[PDB]
Amino acid sequence: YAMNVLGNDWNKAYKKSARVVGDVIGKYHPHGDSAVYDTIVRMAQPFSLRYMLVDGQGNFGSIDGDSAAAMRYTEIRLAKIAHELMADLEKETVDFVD
Amino acid sequence: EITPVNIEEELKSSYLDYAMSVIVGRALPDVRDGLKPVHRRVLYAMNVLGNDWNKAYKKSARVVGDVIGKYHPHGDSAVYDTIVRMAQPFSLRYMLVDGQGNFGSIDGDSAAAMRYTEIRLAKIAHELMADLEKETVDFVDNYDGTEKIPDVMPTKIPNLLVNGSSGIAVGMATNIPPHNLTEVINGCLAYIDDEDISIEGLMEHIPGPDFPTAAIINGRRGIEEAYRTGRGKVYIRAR
Amino acid sequence: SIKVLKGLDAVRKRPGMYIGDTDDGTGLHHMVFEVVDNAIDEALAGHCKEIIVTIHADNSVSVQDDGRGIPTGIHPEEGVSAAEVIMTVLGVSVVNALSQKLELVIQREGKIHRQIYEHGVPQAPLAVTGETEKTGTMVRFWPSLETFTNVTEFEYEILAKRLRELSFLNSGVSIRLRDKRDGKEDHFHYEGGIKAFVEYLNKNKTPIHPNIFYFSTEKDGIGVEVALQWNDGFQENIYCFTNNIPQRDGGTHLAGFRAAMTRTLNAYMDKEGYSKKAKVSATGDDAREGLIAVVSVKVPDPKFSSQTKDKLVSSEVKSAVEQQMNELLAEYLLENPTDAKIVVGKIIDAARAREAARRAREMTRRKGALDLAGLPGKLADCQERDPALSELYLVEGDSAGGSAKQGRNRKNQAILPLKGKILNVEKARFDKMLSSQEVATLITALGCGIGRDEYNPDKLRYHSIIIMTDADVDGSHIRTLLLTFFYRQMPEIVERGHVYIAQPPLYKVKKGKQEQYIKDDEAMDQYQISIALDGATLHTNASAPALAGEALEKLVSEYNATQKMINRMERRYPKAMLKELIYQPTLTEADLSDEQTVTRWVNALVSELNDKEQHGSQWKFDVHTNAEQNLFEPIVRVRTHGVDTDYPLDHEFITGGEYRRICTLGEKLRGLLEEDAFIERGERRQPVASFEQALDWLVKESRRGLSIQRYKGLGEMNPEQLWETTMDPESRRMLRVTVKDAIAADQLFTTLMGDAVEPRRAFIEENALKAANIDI
Amino acid sequence: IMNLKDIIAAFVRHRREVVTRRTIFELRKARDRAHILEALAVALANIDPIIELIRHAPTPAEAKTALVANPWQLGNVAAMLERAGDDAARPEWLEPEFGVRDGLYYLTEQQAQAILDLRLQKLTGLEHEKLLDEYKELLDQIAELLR
Amino acid sequence: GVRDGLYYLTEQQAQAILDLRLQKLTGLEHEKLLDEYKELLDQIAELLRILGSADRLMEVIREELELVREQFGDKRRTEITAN
Amino acid sequence: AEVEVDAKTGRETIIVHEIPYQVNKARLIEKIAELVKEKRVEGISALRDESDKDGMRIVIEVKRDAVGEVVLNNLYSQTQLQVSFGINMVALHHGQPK
Ligand SMILES: COc1c(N2C[C@@H]3CCCN[C@@H]3C2)c(F)cc2c(=O)c(C(=O)O)cn(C3CC3)c12
Ligand SMILES: [Mg+2]
Ligand SMILES: [Mg+2]
Ligand SMILES: [Mg+2]
């Protein structure tokens, strides 16, 4: 939802990971920021998800056991299939909470 | 293909690049507003976010993310450390940031991580950016050519004298002590009146520095020597 | 009636910018080349293949073809003959304008016609003058002897070489070339032109095998034709063409060809067991020792890196050529096993010759999964045991270190990451240097030993050390620190030439399917200039033909250089004042005593500056009289933001490099564009107010649908991109470090890296600060 | 390397430059507003011919072209235009042919476009009175800025 | 609304009338409204048809699922064998 | 995995093309090396990784006095070349687990 609000579409330029993590932590998720980055990283690895939901640019780890680079080095944007999970969101099809 | 190169030319070019970049864009303050580039970028980002002095606080992580994602292409821990220093009453004579939480103490304790704190602009920081939207300063490009940043601030406060500065560069350094605002204003008014006043005339209004932590200055010769030439030495003694 | 006359006059005003050079005579041959290309285009669909070229003794050339003749119809719009509209209307128009007399003959429908053109002005409408039975056209031209200078002649070889090349490329087409001054007749006709081209080139040398590999296919609209043969020489010569246009610097097709040949030859030599019989191995360079080959590609719309061609940058061409070459070359090695052996023998001889020139080595023990060998834990070693075939990389950070580990060739490449900034071994003591862990691990990984007591440079574990850092100002510092360490502690390693520096790219551009990598900012400016001049025409008036691409590129490059020079000197003169001097008459030194033209000149300059002004400022002029030889120097005063300043233009500025460069730029721009000034794209139209406005409009038009990405550091690149741009031996570029004087190097190192501060400050202040303000 | 007096002088010069640039910006903005205010004020006295002309136009572009074709009589707004002395409220990029020539006003394209965007609720009596107050205030501001 | 050939307005309709620009009085702006009104009537009829039937509801879902399968489907990677 | 035998000397090797889900390759190689250190399995002479851009490739060398099948079955039984996946489908329905 945060990436959708930021306007981080699948056919636009990439954005720094720190900006997205900062928005998520500062508006919606009241926890630490390192586990949020670890969660975001897993959604972009081709060997973890059958259909990836995040498109990444940089070093995101390997099947050999390597770790990803810190959040000051990478960039992300939404994947094309992730726009089908949020279709018709602005036509009052679901409920909202505080 | 492989092409040869002499070691002297490589050494000279690389070192001159590094030295000039550090001297002109990282470690020395401008004489008009008294800020380094990182301070200016932080203040501009906070102003763009709409983080005013009479509204709610915002988390530090959001501000750091904006700053390093749009204006400043470096690490985030050093940016947070820079933001922390601008809010401590025992570091700045007139604070520029308003803080909520654990920001350290004079006893030597460290501040909390940026997942715990909140900040907003101070009331005097709105006088450093007055009339910013009426085309009073020039704008330059960022590292991508997508955003624009002010070249200098249109300040109403003589910030360099009233807050001081300290930085280390290649081949040179700086060290300036803080002062008192009323005395500096009186000196500026006297200069406007006279325009030919001497150093002795200006010391009728500005007797010396004024540190945030009080204490005692022991002697008067170094003050006059520094105000007359630019280099001097003073002694600070506890009470 | 009159528009054509005005257009021809406009062309005559600046002939060079429409034809090219008029001093060496390149345009003189270019007119003939245009005529021959148009004729062969007509002869491309002709019933037969015959073209007549004649070099007459009266400084004229007549060319006759045998295709369908040019129609002699009537034009519904202009109401005149269709042939005349074909000839002179808004590249034969340039030739006719540059030729005093042009003979037009049309032979069709069994009738003979004839017409004469005088300086592009027809004398009579086309009329029937005889009867015939054949179809074709004939043109003879008499070039102008006043516009064309210093040559006024034709050379047989210049046309002969091009005609032979065209005949080789155009299979089944015959060309006859003759000269009437001395008397010659040359006929070119070949069926297998590409194969015949290889045979003709491989003539003076000694081929080692009679069979010549050759094929020709076409897939996805790309036509590929390859032919090659091995001589006994020691040099390689590859000739590339695209749509019958040569490229001296190659491109994607050449890269695909080289990769396919290397892979095929290596695989074949490995399978057959030849490489095991003799304890050697062959590289790409060994295969291409003595070789002659020709590559020609057919592409609908090629894209080039500049208006002067010489480099193809289309993407899919590489894949197509590589696939076609790799598919078929394998079969040839089986169909002709006798000739295959000779080439393998020559390659093995070359490889053995390479080996004998190396140093002496001892096998080293690498670090593996079953043994650690007492080596640092952060090192990622390789599998090769011969130190003369291994490489070591020193990378700046952890992220780039991981990226390099993921995308390397683990057979013979090792990685060692550096963390943080390294110690300065010029300001520290020996024991402090020994107790530092980064330096200790580096010394252990190198394996030579340190201390001038056990330092043996003959036990180096790798024979290539490569430094890879970011392309910012914090990588230059680390490069200097590493160079200081290597020079102060291990001089022999630098002396023998074991140290290299890597060159990663900085930009990446993409527009749809086309993508490319850009080295640095100069390449970016060149790419921006080139990409804005495609599919666009600039006409001085509404009835003039478009200019040449090369002239436009030269003008824009010179403008850019002059703009850079102007920007450099901004600290002493206002920037708007300097830009205005381009469009002003030159103030010669002879005018510095009249005291009457000076005032008019400065008044005109100030009036023009005050006329065009958007910000709040004012201009004024004044004249100062000097006693020395009664000089009179202009004075210009401005008022900006409430401050008044004066800029005296003294005698020194009049005679200087800046003013002369500005004048030289201005001479080509004063009165170039007329009032009409229309620019036409493929389907749209646009008026032009000034050269700068047209350039800005073109730039804005070209940037639509364009994506540009800038790399902050090495950690922002995918491992595949990093490998294919920086670490692949086939397509990487590096630098080798050498020492020139060895007596000034010590002084420079002591000054820049020593403890004393004052020499360093003085050096910085003298070099960077003052010398830049005055680059005279 | 500087002393006290240099720092004070630099601060004063910076302040002077900032104030000058701010004044220029505000003056330009005020003149731009006054132009459109004049254009709107003139067209509320010829309302019937304006409406008749607009109704017969088939396309807004044709209406815009027909608007700047002939001069319009000033009517009851000549007094407040005469109160403006010379060209104190005239933009510096305006050609000499436009504006008042001889008791007849000449419009430009932007003024016609602004006329075409007028809402129907501004034809009331009360909404008409604000133009004079705003015009007088703008004239006073322009004089003070020019001082 | 229309009751006996005489239209009765509300407050918001009057407010919309008061906010009408002068450029809307040209020729084309008087037929833009007619075209938009006809399109709105057609759309309203089509929307009302869905809410009254269940088969019409299921047809839309079938079409959407088939489109998704056409646009995002691919091949199988893992192989399943007997013991 | 597969077994290939040389046509000249009769020597044979084991080639691995794919590995199970959620398995680390470097740790797998390290475990195999450690296991063969203490003579837990017989028939292993050399072990190295030759993966490249074409795909994964792990080479295991068969000793001269053994058959590949026994070694391959021992590797299946003792290493992570065969794993178990316990299926347990629990999700939230109307705010309750089920
Ligand atoms: C691992 O590098 C760092 C060290 N070390 C380097 C030393 C030598 C190698 C073995 N580790 C030690 C500790 C350190 F002590 C502090 C920082 C640090 O504060 C920092 C930052 O962004 O704030 C970033 N870095 C890295 C970007 C350089 C730090
Ligand atoms: Mg953790
Ligand atoms: Mg740190
Ligand atoms: Mg960096």
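Chain A is the first sequence line, chain B the second, and so forth, proteins listed ahead of strands; every chain is numbered from 1. No hydrogens, no waters, no symmetry mates; every other heavy atom, side chains included, goes into these values. Both ligands and their constituent atoms are indexed starting at 1 by order of listing.
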Q. Is atom 6 (C) of ligand 1 in close reach of the protein, with a heavy atom under 4.0 Å away?
A. no

- Task: Might you check, step by step, whether the distance between atom 15 (F) of ligand 1 and some protein heavy atom is under 4.0 Å?
- Result: no

Heavy atoms of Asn175(B) and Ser166(B) approach each other most closely as OD1-CB, 3.8 Å

Between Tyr143(B) and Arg710(C) the two heavy atoms that sit nearest each other are O-CD, 3.9 Å

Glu396(C): heavy atom below 4.0 Å from ligand 1, yes or no? no

Just to check, does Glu438(C) reach to within less than 4.0 Å of ligand 1 when the distance is taken from its heavy atoms? yes

> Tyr711(C) ring centre to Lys508(C) NZ or CZ under 6.0 Å, with the angle to the axis within 45°?
Replying inline: no

For this session: Kindly assign one of parallel, tilted or perpendicular to the pair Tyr44(B) and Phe139(B), based on the angle between their ring planes and the thresholds 30° and 60°.
Result: perpendicular

In ligand 1, the atoms that come under 4.0 Å of a heavy atom of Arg72(A) are 22 (O)

The reported gap from CG in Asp470(C) to CG in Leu714(C) (rounded to nearest 0.5 angstrom) is 4.5 Å

re atom 11 (N) of ligand 1, the protein heavy-atom contact at minimum distance is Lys419(C) CE, 5.0 Å

